Amino acid sequence: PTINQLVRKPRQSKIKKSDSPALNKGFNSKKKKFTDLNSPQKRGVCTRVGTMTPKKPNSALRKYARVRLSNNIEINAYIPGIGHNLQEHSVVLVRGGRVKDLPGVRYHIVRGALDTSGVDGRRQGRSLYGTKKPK
Amino acid sequence: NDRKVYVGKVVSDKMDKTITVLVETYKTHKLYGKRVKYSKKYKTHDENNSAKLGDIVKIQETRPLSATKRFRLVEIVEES
Amino acid sequence: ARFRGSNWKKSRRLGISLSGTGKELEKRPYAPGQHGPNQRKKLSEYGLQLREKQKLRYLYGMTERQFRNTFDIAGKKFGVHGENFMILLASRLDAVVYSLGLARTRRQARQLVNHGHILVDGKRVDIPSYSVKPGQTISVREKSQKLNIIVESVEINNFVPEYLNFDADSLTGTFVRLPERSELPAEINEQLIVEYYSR
Amino acid sequence: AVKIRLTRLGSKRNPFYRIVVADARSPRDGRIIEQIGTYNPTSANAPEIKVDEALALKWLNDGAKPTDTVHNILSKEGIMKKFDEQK
Amino acid sequence: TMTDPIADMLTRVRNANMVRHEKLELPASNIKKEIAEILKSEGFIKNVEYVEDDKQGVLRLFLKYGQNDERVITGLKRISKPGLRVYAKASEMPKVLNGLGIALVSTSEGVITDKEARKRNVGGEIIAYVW
Amino acid sequence: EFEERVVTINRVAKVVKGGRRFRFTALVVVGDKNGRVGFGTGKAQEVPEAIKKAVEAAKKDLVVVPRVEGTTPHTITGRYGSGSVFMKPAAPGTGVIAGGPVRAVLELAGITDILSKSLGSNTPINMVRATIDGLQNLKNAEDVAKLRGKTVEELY
RNA sequence: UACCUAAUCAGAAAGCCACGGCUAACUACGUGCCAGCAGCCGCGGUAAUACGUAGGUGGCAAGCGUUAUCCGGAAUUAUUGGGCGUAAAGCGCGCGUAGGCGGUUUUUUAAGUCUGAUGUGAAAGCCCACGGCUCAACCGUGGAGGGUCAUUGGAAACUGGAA
RNA sequence: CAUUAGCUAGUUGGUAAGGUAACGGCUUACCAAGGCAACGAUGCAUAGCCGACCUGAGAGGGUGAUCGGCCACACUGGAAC
């Protein structure tokens, strides 16, 4: 635009909508209010453990878990790895990162953490997927 | 020392011993650099209210008079 | 010593001889590993920039974030960024000791500086990364002046670069001059590491 | 009241001090009025001290009161002597 | 309506130079007169002719081209525009094409070039870029 | 001797009654690292022959690039279609700060120190055309002084 | 307690991630659109350098990766530095108010503009130099820099005011 | 933030009196109808501010841990000695 049009109407940049919104909100049990926190991870309770069919191009039974976080927020989280020991009423640690196939899963359950075991036979890539150094 | 002086235009003389002086100045835009005209209204004291709406007058600051006035009328130069 | 590894496999993956002056790239001048003997593919721009950086880094035994930190100091100085970078590497105490001729290689000279056998300006300097300035004195510790390893290499060193005055008697050095690009290793393209860090 | 005192400017076990004219109520490393000089007690042998003369005698005439060791520092430059001469 | 007579002058030169016209005429002005004589002394145009008519006399400009019809003037750019004016200090005077081109600066010492303006250590309005 | 660099190799297709007659096109820039650079393209039925046609195409048209100590005489922005390449001369030790196809063009010429940015389309062919366009609009002090009837010192 | 001096031992002191392209690093085996991987392009359907493992390789290293958030790359709010025929974008068209901009010359003024001088923009910070810790981090000194700043001279082409 | 447009009535000015370290609607009486607002009054939401820090070639963008300057607060809310 012209300089005068810019002076009257300064340029407005676009706002950035962030992924993993449920990690950006805290809770205050005393005031019954939601806060803004920007947490790396959040801890929740598994209210449902099951398996989800993936998007159309792919075909594989993917394990997931419905997790109610520390907030009053109920999200769906992926379970990386082969074997998992999670049933209902399991405390998990949930990080960011979505699954492309699974529609409605925007988070990942951290393996090898509070009440979540690692992958039994993992030998290369043990930082991810939990599990300690064999021998 | 020295108290600041402004020159403006009388835009209100509906109150006794008080006039409103419009001191228009210039402020450049920080980003685009264009100078934009902006105006500021000053409420000034004049015991003998000889200023009439439309006069360019001389204004000098002083101690607080009333809730808003901080200026006195120094010189009237226009007639309108 | 940080690397503490195979100095042949590195010089085989890289294109230069690092330490040894040829003894490493004689029978197998190709890359190490299972796919080493077979033919080599072409290298992209990034592969060539990274290769040359690894050439100079493994030559001096420094690690990253210290190679990078030294590179950052070089840009501050006047002149060509690449030249002052290699000048600063040649001014390291562990490198000056080897180039003086006190040791027979780079790693051993580091252990001579590290274990405190040097006594720069008559004072114990056991930091391999000490930056030697022109007009100093790189001596040898009195109790270490009867070291067989030191005297085994003091005579076979022969050539000493012009920016280093070496005394065979009293086991002392001088660092008379700032090294020029000529005296520096000629197998390293300085302009290719400058471009790597600008990526 | 107004005090001529030392402000710590050193790291762990390596203290450096500035000779500063400051109010007594102000924090040690906080608000000040004027910097007068420096005091390094950990230098080679003798503690190297640097003091200005015009401002130091200006504040002393204005009623600033040196602390116990600023008195020593002002004495090693004869500042307290010349302050005494002008009775 | 006409708002920038100077920008019209530079565009007249730009348009005539593009089609390699040997000469052009434009209504004259004191500041437009000086810009023409700055370009003459800097070797961008051949000659400046000012003809006295009754009203706003005529400025005739004879453009210069080189051996292989090489347009001596490569481009013209109005810098200070009525919608946004540009003023520069002597310390931040711009160097058009690393000195291979002149910037017309109107200072208190008259309409001059950017090279010797730094010599007088004065600033003014950056009129146009000529390279 | 003219060093050659293959910029890009692209598999193109023409749909026929049978379907998808595949060809290969090659973009190659040639230069001498002394101030003569050129580009060309060629399409063959196989990759190794598309390069040779491109190399021959490039060697025909060479652009003389003026340069002062491995840097351009001044600042210029080359344009061709949607491609635009800004080119700033730099200090002796700077290096070639350039992107993709722009990097090959300047390296194959006698340019060793430049600051550049691709302010347009990233399509390789128009990037090269834009890069070449700036290099021919470049002017050295000698020519400019000659054109204006002045000495080089009179310019400065 | 730093620190120094004697003996003694290579002994007590490396792991993490990657290797399809972006992007440095490839083979074999197991499975067989399953198990699983994935930032995107996407891989996996009995001969996967893309999944798991084994060798090798490469990148770093007392750290290595993942997640969370900001700037960059993004010229993707374009003042520097974008556009509106067909990709998003010219209001259906007038009359018009504030505002923005405004033909040539002369005289004057000096608000902008330019050029000085003072006062201040604390200290600590950034950059440069120098010195001290065995080097470095760090520390200390000296400059520099930082304002739509205030007061006060000077210039008068341009913009502004007056005739 | 305009999908917040009209806000105030000690409000705004004056005249007296009081009291305040001090000017002043600071307060009280009596006069007049005034005062602010698309140059964003008001309202809503959010927030301690700055030197400074991160990022960027720069222009800019984000941030306000530790250190220093200022402000405000001391279980919540009033008051004075």
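Each value in this text was obtained by applying a stated rule to the coordinates, not by laboratory testing. Don't worry about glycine lacking a Cβ; one is built from the backbone with ideal geometry, like all the others, and counts go over all protein chains shown.
Each principal axis of the protein assembly as shown carries a Cα extent, and these read 103, 99, 81 Å when sorted largest first. Computed over the stretch E:74-131, the percent of Cα pairs more than 19 Å apart is 19. Set the Cα radius of gyration of chain A against 2.2 N^0.38 Å, with N its number of residues, and you get 1.39.
For B:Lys34, the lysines whose Cα falls under 21 Å of its own Cα, not counting residues fewer than eight places away in the same chain, are A:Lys9, E:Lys77, E:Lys81, E:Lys89.
Computed from the C-beta positions of A:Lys132 and C:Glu26, the FRET efficiency with R₀ = 51 Å rounds to 0.70. One decimal place: the segment C:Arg13-C:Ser170 gains 52.5 nm when fully extended, by the rule 0.36 nm per residue minus the C-alpha distance. Principal-axis analysis of the Cα atoms of chain F puts helix F:124-137 at an angle of about 30° to the longest axis.
Taking the Cα centre of the protein assembly as shown as reference, the dipole from Cβ charges on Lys and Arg (+1) and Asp and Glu (-1) amounts to some 5400 debye. Between F:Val64, F:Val85, F:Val55, the residue with the greatest mean-square fluctuation in the GNM of chain F (Cα pairs under 10 Å linked by springs) is F:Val64.
Taking other C-beta atoms within 10 Å as the exposure proxy, F:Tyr156, C:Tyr130 rank F:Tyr156, C:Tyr130 from fewest upward. Working value for chain E: equivalent-ellipsoid semi-axes of 23, 18, 14 Å, each the square root of 5 times a Cα gyration tensor eigenvalue, largest first. Between the helical axis of F:47-60 and the longest alpha-carbon principal axis of chain F there is an angle of about 30 degrees.
Using the rule -39500 (n - 2.57) for each DSSP H run of four or more residues, divided by the residues of chain F, the 222 nm mean residue ellipticity is -8500 deg cm²/dmol. Peptide F:21-29 has a mean of 0 when you count, residue by residue, the C-beta atoms of other protein chains within 10 Å of its C-beta. Each 10 Å bin, from zero up to the one with the longest distance, holds this percent of the alpha carbon pairs of the stretch C:18-129: 12, 34, 32, 18, 4, 0. Counting only Cβ charges, +1 for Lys and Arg and -1 for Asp and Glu, the dipole size of the stretch F:80-156 around its Cα centre is about 200 debye. Please work out the FRET efficiency for the pair C:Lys42 and B:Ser80, using the Cβ-Cβ distance as r and a Förster radius of 60 Å; give the result to the nearest 0.05. FRET efficiency, C:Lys42 to B:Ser80: 0.10. Between the beta carbons of B:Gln60 and E:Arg120, assuming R0 = 51 Å, the FRET efficiency works out to 0.80 to the nearest 0.05.
Using every pair of separate Cα atoms, the Kirkwood estimate puts the hydrodynamic radius of the stretch E:1-73 at 12.6 angstrom. Exposure proxy shown here: for E:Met2, B:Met15, D:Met80, the number of other Cβ atoms within 10 Å sets the order, fewest to most, as E:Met2, B:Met15, D:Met80.
For the stretch F:84-99, backbone phi angles converted through the Karplus equation (6.51, -1.76, 1.60; θ = phi - 60°) give residue-by-residue couplings of 9, 10, 7, 9, 10, x, 10, 5, x, x, 5, x, 8, 8, 9, x Hz, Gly and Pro being listed as x. Farthest toward the positive end of the dipole of chain A, out of A:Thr116, A:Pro103, A:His89, is the Cα of A:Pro103, where the dipole comes from beta carbon charges about the Cα centre.
Per residue of F:95-106, other chain Cβ atoms within 10 Å of the residue Cβ number 2 on average. Peptide C:42-53 has a mean shielding of 0, counted as Cβ atoms of other protein chains within 10 Å of each residue's Cβ.
When the P(r) is computed for chain B, the part past 22 Å accounts for 28% of the Cα-Cα pairs.
Restricting attention to chain D, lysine pairs at least eight places apart or on different chains and with alpha-carbon atoms under 22 angstrom apart total 21. For chain B, the Cβ-based charge dipole about the Cα centre amounts to some 660 debye (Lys, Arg positive; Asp, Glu negative; other atoms uncharged). Sequentially through the stretch F:8-24, phi angles give Karplus couplings (6.51, -1.76, 1.60; θ = phi - 60°) of 8, 10, 10, 8, 9, 9, 10, 7, 10, 3, x, x, 6, 5, 8, 10, 9 Hz, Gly and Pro residues having no value and appearing as x. With the charge dipole of chain D set up from +1 on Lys and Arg Cβ and -1 on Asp and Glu Cβ about the Cα centre, the Cα lying farthest toward the positive end among the listed residues D:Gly10, D:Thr38, D:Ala22 is that of D:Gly10.
Ranking F:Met87, F:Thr75, F:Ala58 by Cα position along the charge dipole of chain F, where only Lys, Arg, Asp and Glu carry charges on their C-beta atoms, puts F:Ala58 farthest toward the positive end. Calculated translational diffusion coefficient of the stretch F:59-113 (25 °C, 0.890 mPa s; Stokes-Einstein with Kirkwood radius over alpha-carbon pairs) equals 206 µm²/s.
The angle between the Cα long axis of helix E:5-18 and the main principal axis of chain E comes to about 60°, on a 0 to 90 degree scale.
For chain C, the Stokes-Einstein estimate of translational diffusion at 20 °C and a viscosity of 1.002 mPa s comes to 120 µm²/s, using the Kirkwood hydrodynamic radius over alpha-carbon pairs. Over all orientations, chain D has a Cα convex hull whose mean projected area works out to 5.8 square nanometres.
Computed from backbone phi, the HN-Hα couplings of the stretch B:61-71 come to 6, 7, 5, x, 10, 6, 6, 10, 6, 9, 9 Hz, rounded to whole numbers (Karplus: 6.51 cos²θ - 1.76 cosθ + 1.60, θ = phi - 60°; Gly and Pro given as x). Across B:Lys34, B:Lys69, B:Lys52, mean-square fluctuation computed from a Gaussian network of chain B (C-alpha pairs under 10 Å connected) peaks at B:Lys34.
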